[PDB]
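A.B. asks: so I pulled this structure from the PDB, and the sequence comes with it:
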Amino acid sequence: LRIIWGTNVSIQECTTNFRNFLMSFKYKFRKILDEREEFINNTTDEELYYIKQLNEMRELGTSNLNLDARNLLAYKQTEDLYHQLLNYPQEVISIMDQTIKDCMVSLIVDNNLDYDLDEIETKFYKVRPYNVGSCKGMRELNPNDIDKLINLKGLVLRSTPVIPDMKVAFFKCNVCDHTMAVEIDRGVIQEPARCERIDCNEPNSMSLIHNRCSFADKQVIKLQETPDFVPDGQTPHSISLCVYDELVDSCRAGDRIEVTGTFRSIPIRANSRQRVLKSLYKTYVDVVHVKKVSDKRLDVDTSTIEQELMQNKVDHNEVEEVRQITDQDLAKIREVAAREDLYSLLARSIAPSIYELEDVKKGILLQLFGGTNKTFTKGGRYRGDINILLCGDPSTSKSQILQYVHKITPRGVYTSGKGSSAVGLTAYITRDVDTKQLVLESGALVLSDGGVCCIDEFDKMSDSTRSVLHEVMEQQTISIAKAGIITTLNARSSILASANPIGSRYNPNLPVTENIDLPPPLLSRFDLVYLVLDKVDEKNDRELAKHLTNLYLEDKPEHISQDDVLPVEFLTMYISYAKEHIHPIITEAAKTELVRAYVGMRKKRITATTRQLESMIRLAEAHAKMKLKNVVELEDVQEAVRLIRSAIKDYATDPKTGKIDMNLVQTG
Amino acid sequence: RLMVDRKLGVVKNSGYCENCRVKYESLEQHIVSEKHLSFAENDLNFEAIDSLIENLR
Amino acid sequence: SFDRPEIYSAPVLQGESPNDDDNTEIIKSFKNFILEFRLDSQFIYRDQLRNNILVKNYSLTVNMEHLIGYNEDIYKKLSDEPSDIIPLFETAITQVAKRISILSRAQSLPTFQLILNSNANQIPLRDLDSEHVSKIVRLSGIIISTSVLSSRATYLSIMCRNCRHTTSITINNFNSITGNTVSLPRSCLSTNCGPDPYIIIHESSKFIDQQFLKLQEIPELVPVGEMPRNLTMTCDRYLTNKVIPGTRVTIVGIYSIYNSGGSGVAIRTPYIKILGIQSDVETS
Amino acid sequence: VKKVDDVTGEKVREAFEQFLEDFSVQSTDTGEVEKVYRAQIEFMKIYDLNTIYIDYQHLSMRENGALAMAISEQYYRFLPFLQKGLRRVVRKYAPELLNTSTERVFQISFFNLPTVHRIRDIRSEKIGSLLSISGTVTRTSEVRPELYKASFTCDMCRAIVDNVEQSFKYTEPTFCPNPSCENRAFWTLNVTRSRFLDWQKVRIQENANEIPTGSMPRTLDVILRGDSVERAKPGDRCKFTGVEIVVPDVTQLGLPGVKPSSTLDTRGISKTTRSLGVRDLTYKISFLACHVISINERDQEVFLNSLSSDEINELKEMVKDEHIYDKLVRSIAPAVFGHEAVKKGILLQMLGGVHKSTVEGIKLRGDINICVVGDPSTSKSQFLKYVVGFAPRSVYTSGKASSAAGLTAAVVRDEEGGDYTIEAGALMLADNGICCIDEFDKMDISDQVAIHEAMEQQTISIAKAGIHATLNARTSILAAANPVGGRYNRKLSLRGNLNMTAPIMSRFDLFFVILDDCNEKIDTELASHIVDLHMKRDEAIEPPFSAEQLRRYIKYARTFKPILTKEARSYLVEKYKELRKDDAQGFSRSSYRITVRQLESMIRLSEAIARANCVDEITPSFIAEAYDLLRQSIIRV
Amino acid sequence: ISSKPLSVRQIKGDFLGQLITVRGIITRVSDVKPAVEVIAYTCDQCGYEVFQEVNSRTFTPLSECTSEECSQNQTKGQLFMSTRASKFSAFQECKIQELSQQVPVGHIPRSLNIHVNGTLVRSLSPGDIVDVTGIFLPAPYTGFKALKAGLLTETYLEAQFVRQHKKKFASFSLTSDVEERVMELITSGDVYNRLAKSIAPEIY
Ligand SMILES: Nc1ncnc2c1ncn2[C@@H]1O[C@H](COP(=O)(O)OP(=O)(O)OP(O)(O)=S)[C@@H](O)[C@H]1O
Ligand SMILES: Nc1ncnc2c1ncn2[C@@H]1O[C@H](COP(=O)(O)OP(=O)(O)OP(O)(O)=S)[C@@H](O)[C@H]1O
Ligand SMILES: Nc1ncnc2c1ncn2[C@@H]1O[C@H](COP(=O)(O)OP(=O)(O)OP(O)(O)=S)[C@@H](O)[C@H]1O
Ligand SMILES: [Mg+2]
Ligand SMILES: [Mg+2]
Ligand SMILES: [Zn+2]
Ligand SMILES: [Zn+2]
Ligand SMILES: [Zn+2]
Ligand SMILES: [Zn+2]
Ligand SMILES: [Zn+2]
């Protein structure tokens, strides 16, 4: 009996149901739940899932269990526990923490394990439900949804410094120096009105010692909603998330995160002088789980968060920054990398629904892989970010290729050229409405750090806006010296720009540089300049028309209209593994081929600067990273040179004058 | 402190099961449950008793 | 142009352990004493309260020895802090009387007065030291003066002068004091109007009777060459016009203090708040 | 009343006393047992110092680490006990140091902590504990007096209660000295009869290498107290050791969450039948530093005196070298290949001339300003990259990412309703250093005029918002620019190639125009260097001098005052004549024409060359070298 | 009387307190926020739930319990807010504006504040031309204090019903009357040409 007032939750029944779920859950239950019974493999989907998780947490010393809420729907006894957890997260999560402690104690005692029970008993175990029902955006939540477990998805814009939240107030007597330690209770600390010592009973002798109190970490994070459903006429919304005591600093600006937390409302005092609250409550989210890994997205660049990864180890936050690759997945990755057509398979796996553009999708793949990041022991840095420009005739799917690389990249901001400003692409000063203070917010090029910034309409953006991209495309930094901000900000973001030539058509009469219409200093920064031309070829029309019209045969198309394309789930994992674990090293034969080719190109018309040698190297490295090779041979350099030449269509360009021979184009 | 009776809001065999480590409200549904059947069908769990069945015989 | 927001409560949970000294525990124990006390298999106090309600006698007469026989600790509380415990007993009587009256009307009343008497040992009027102050004392004597009844406000409506803010001041306790402990507010209470802006609406106010008696030690047991010692007493409501001068009485009261026996420093004038008068056989 | 004693506080004080007395160190083959801290106490006795430097490495060994835990973890609690122990040790050994020469205030300055924290590694578990952080100083307060031991006069009893310890906030006493008054709430602070400390509030940003991906730099307010004031100046990267404290922060109003609050306990209070006493317990994390070290030299002898002997060995060997100029040039920007004139110019800029003031105060400046222009991808920004990170007090910035208020000082306001302050600009964080401005052409005209105001007078005047300060910006400007159209026009003048305004262009001593050509051998060799620089990391870089000893040599050579001998004056005149004759010839068509500004450029370049050769006399060969370096900079049209 | 459409100008102070319909165009809609109506507190001493009604823009929270037990006792209990037990309302503050056909000659259209509460929220969006029926109610003055001459009151419309002149395509439901009309359109034949020629029929 004895349910909790205001809730359906009964401590005994909920504890029993959650314990039964923990002891007797296998992932085949969820596979049956998701109507995926033919994916059920007896080897790993028939082991108790949470028993193994509890054992791993006991062995590793961690304290946080990541509970998939939908799993509770798979189990019959916890079909109601799912609704209780969603409706009453506080009570249910407290009961779940207690149940986790009991479960681990039972695992140690009942199996008679050697593990000490002292440090288990004194440890506080926490549960992190994440995969709760995903719907209703954030603006469609009514006041009846207050104090409910909700799931938001969005982009991190800003994060306040670590705020101390007092948990224990330390008072001291001004007379006898006797101290009590009051505990906070629902945000209220009972200040003593008399010294509890029987010797002296001075009324106002007690004074709060701020620096000797006990404090905990609190952080407010500014998030932009990116809901699955967007009602007509509304604009993007910003909300404030609250992370507590282990989740502080786990989210950086520019991160795309799915956050599960309690939808809370607080009354805001109208003035700082009097105690009067406003009748209109302010809504926010108490974060209980953060998911920074998407199964259809590349992993974050580990070379940019090494300090953050190891700070995450000290913080014991247990936030999964990069997805887990199992032994079977690693074997599959190696088997696919051992294929003879690996390059063409990965190229056509990039945006399967865009028509054949083999070099554009091969350059995109190499940019996704990137070069090798070389840090100098004596001071210096080379970044393997590859900048690609897609200049071409209108209607060539340049924008669909930028939209895929924006969706597939871990971090990055999609800009439109004329809608961007020099200040907008870098750090700027804004005003917070909560604190009424002046704060710094990142720009598009800073939020894209560690990812790819997609810039559409690269020709339409002005000369002064384009000035900030020079330092990013060359040094991968932004050295800002403005009123209030004087520092160097890492901007290690590849630049994927799209543009059409002047007149909105590639006139063959004018040379390449006249059509592109970009200053030598910016056209050199692009590692791969693609000329995407819309030639009238009858078979090309025949096949592009079948491709486009096949997408309309079924209401929601499942695209398998190729020999074979890897799923984005496998493609992203392969690319992330290659980026993380493969660091190609240039060999001497590769060096000779590189020097050979650079001198060959170094012999109006588009120039060939020293930056082209540096695009070769990194491009070659990208190729060497694609095949999981730790060294670069001359084949990779030859492929990089061939890609560079074919991107600008040198096979149809007269060496003397930069005319494109329309009859020599190889659309195919 | 917040507990109130279930009159507000929301097969006599019941008890613990040392095999499955789960509490059941009904014996005839625990023995036919998934985990109990899996435990019973696994002869590795009943190994030391297997010494006795034929040690006496 | 909106109305007054209301404030209301409802019991949901057990709070902190009922503590014995809590005014609400004391009221509950007095209510249980009134409803459950039996003398010769008779609920004497319940029947007395009902009969008093029928005859429109809004008071209850209680023997303190019966209270000793029921609960000794709260008898200690009543006899040691009468000024703080007597209103609780009156509240208990009022609650029980409301229940009885409403249940009996089918085949409002003010706060009931506790007229408590006893037959315990009596302190002589010359034996009252300063240790009896603010305590229940039984003392015998003879009444030598009974003043005219004076009107004391038990519930008065007030209205601000430079406003029309209507308020009500209720005096259910502390009616026995030479001064007036509760006065009109010094501010408009509607939060400038000025100091003491309230006036009393006399046609909607309620008043009670008060009388000043003068007890004296009996002249038989007096020192030959000294003045007989007298003592001022104050009674209210149903304890007024009960005795006439010359009546030999037994007064149960609170030995209290008021400030007014001539040349002295920090000295005070003692008096008796009468809680019960026990007249003897006197002249008919 | 029996005052409650902190038993572990007394124990920590006793442990600190034995640490101060009995600690011994083994010298490196130069003596027997020496007591470090007794020697330090007698040292600060003789020199009347107030700060004692305690090494945490030394402290960790004592009490099997039990003194170490307690001091590092509960520093705010055990600090008074450490002060008492130090005072007792001074009272028994060297007892004359306890007086000001009322009472001497003692500063215990811990340093050499095992680990250094970042600004973003600061967490609320470590409040009131000893720890070390690092950060780049942006703003420093004027030293201000902070009430340390206040004196109070009571309105009833006009006596004087003194030594009222102000721990962290204004605190009136509780009991009067005279027993009759019995007053606690009414007091007056009399300022003369009070005692004060020195307080500076430093603002520190995160280091550029510590900012995470996509995040913005974090700022912290460090509080320097005692003798550590003015030890940090804007621009320097300093590490601080001290207490992580909390200060009231009323700006947390409106923030999400349940902000803590305090209410007076209303039980056991004896009501008779509105006393709120409600406060806001919102705080922000600040830092209180007891030790600052950075991570006036114009005199040569004082610089050589405080410098290790082996470094003297190598410095004098470098001076004894014959081609020291050529080796220095080859050691400048080793990653760049083949631009040797630019390396010469950078070395001379990093050395500099002498500042000379006339009788009436013309104040001739001896800072070499260099502009590097040329074709795309010619290593122009790889020389600016090299200068920042090697040259001390060097600030790198870009044209489009800078403003007039970011290069010169700005007038900013942290809090609405708060006063205004001067946060130091790029031209001041690089004071007595180099400001490397990349993409000078991209910069706006107004920003160029602002930089012009600093190139003419080496000073910046800001008269905005009620602050009328005149700041000095003694900086050399190394600028990188791109010609209009994105490519240098050989048949056009240097002025026609550059959109840079003439008032700016005049103050640049050297204009290095770098052009690339399709030379077979040069391209084969640049490409070998780029790929070897990619294959190897530092083995491909083979400089004659490492950055350490090169920086040491430059630091030594900056201490000279070069003088030119009598024949040098006449040859300077002759070389100026030769430059004027070369210009306006009729067919030379120089990129920029010659005037008396070139003659001043030549003098300061000769002084820089003399500093490079480490001689106080400017040989006429130095004037010849400066003349050649200047003349080769001009490009014929 | 309550349904004849009124302009923003035609809604004078005589109509205050009445149920009236205003015809206009919505120009600004705020986010649906929880506006507290009866804030609830729990007392740990007596175990009571004390409810305080909220009527104005701002309210002062209770500090000491006001239940029977604590009021009768001398040791009062300090009572904490209970958000889940409090009464909240989905609150929106829309702004309606005069249509161009309602503004007099040479005048600038004036706006009116609409207070949408309960399940009626999210029924008004900017750009909607709507007939909003609600109770015209007064509010405490919010202008400059020096300009207050008497008991001046701000006004708003407590929305009760919304009629959309142009029904949104997303809110379409195939009810019976919608069905009969569509069949009477289809059975007439030539739907494509009839619909095309019916678009601006005076354009030829
Ligand atoms: N090769 C292609 N593969 C797939 N869809 C294509 C292709 N070419 C054109 N399309 C389709 O036709 C449209 C044109 O593609 P877009 O992405 O608009 O081209 P674009 O190159 O961005 O055009 P500009 O240069 O910006 S006018 C899209 O809606 C595509 O679905
Ligand atoms: N009103 C002013 N007039 C002139 N210089 C000023 C003025 N205000 C600030 N400054 C400059 O700013 C420097 C910083 O010193 P302060 O202004 O005293 O400190 P601050 O950085 O404003 O710190 P706090 O927070 O006010 S203690 C001064 O040394 C001046 O150079
Ligand atoms: N002489 C050289 N020595 C070493 N690296 C060189 C040389 N010339 C060119 N490079 C390389 O070519 C690239 C030049 O990039 P930057 O140094 O930014 O050139 P830049 O002259 O600033 O170009 P702009 O003016 O910004 S288009 C880098 O990869 C350099 O390492
Ligand atoms: Mg497009
Ligand atoms: Mg450059
Ligand atoms: Zn005390
Ligand atoms: Zn079982
Ligand atoms: Zn009034
Ligand atoms: Zn005093
Ligand atoms: Zn209460």
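C.D. replies: Received it, and whenever you're ready, just let me know what you need. Numbers count the residues shown, from 1 in each chain, chains lettered A, B, ... in the order given. Ligands and ions are numbered 1, 2, ... in the order given.
A.B. asks: dihedrals phi and psi, whichever residue of chain E sits closest to ligand 1?
C.D. replies: Residue nearest to ligand 1 within chain E: residue E:169 (23.0 Å; Cβ to the nearest ligand atom). Every C-beta, even on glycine, is put in place using the N, C-alpha and C of the backbone. Note on residue E:169: its backbone torsions stand at phi -70, psi -20 [degrees, to the nearest 10].
A.B. asks: distance of it relative to ligand 3?
C.D. replies: 53 Å (Cβ to the nearest ligand atom, to the nearest Å).
A.B. asks: what of residue A:30?
C.D. replies: 52 Å.
A.B. asks: tell me who's in contact with that residue.
C.D. replies: Shown in contact with residue A:30 (Cβ atoms under 8 Å, 6 or more residues apart in numbering or on different chains): A:68, A:70, A:71, A:74.
A.B. asks: can I assume it sits in a helix?
C.D. replies: Yes: counting by DSSP: H, G, I helix; E, B strand; the rest coil, residue A:30 is located in a helix.
A.B. asks: enumerate every residue touching the residue in the stretch 251-400 of chain A positioned nearest to ligand 6.
C.D. replies: Using Cβ to the ion, the closest approach of the stretch 251-400 of chain A to ligand 6 is made by residue A:275 at 29.3 Å. By Cβ under 8 Å, 6+ apart, the residues touching residue A:275 are A:269, D:276, D:278, E:60, E:61.
A.B. asks: ok, now residue D:605?
C.D. replies: D:348, D:353, D:368, D:509, D:510, D:626, D:629, D:630.
A.B. asks: residue C:155: neighbour count?
C.D. replies: Using other Cβ atoms under 10 Å in any protein chain shown, residue C:155 has 16 other residues around it.
A.B. asks: gap between residue C:238 and ligand 7?
C.D. replies: According to Cβ to the ion, to the nearest Å, residue C:238 and ligand 7 sit 77 Å apart.
A.B. asks: distance of that residue from residue A:328?
C.D. replies: Separation of residue C:238 from residue A:328 (Cβ to Cβ, to the nearest Å) stands at 96 Å.
A.B. asks: between these two, who's got more neighbours?
C.D. replies: residue C:238 (18 against 11).
A.B. asks: what about the more buried one, distance to residue C:113?
C.D. replies: Residue C:238 is 6 Å from residue C:113, by Cβ to Cβ.
A.B. asks: give me the common contacts of these two.
C.D. replies: Counting by Cβ under 8 Å, 6+ apart, the residues touching both residue C:238 and residue C:113 are C:58, C:59.
A.B. asks: where's residue C:199, which helix or strand?
C.D. replies: strand C:198-216 (DSSP states H and E).
A.B. asks: dump that strand to CSV, restricted to CA.
C.D. replies: What follows is strand C:198-216 as a C-alpha-only set of coordinates in CSV (Å, rounded to 0.1, in the frame of the first residue of the first chain):
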residue,chain,number,x,y,z
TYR,C,198,-10.1,54.1,13.0
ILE,C,199,-13.5,54.9,14.5
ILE,C,200,-15.8,52.4,16.1
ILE,C,201,-19.2,51.7,14.4
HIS,C,202,-21.1,51.3,17.6
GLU,C,203,-24.4,50.0,16.1
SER,C,204,-22.5,46.9,14.8
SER,C,205,-20.3,46.2,17.8
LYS,C,206,-20.8,43.7,20.6
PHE,C,207,-20.2,44.4,24.3
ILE,C,208,-20.1,42.5,27.6
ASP,C,209,-20.5,43.4,31.3
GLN,C,210,-17.7,44.0,33.7
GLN,C,211,-17.7,44.5,37.5
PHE,C,212,-15.2,45.6,40.1
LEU,C,213,-15.5,43.9,43.5
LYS,C,214,-13.6,44.7,46.6
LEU,C,215,-12.7,41.7,48.7
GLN,C,216,-11.5,42.1,52.3
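A.B. asks: does ligand 8 have contacts with that strand?
C.D. replies: No: counting by Cβ under 5 Å from the ion, ligand 8 is not contacted by strand C:198-216; separation bottoms out at 8.5 Å.
A.B. asks: report all helices and strands that that strand contacts.
C.D. replies: Applying 3 or more Cβ pairs under 8 Å, 6 or more residues apart in numbering or on different chains; DSSP states H and E, one finds that strand C:198-216 contacts strand C:135-146, strand C:150-160, strand C:230-236.
A.B. asks: so who does residue A:70 touch?
C.D. replies: Here residue A:70 is in contact with A:30, A:33, A:82, A:131 (Cβ under 8 Å, 6+ apart).
A.B. asks: what do you get for residue C:272?
C.D. replies: By Cβ under 8 Å, 6+ apart, the neighbours of residue C:272 are C:137, C:139, C:215, C:231, C:232, C:233, C:234, C:251, C:253, C:254, C:255, C:256.
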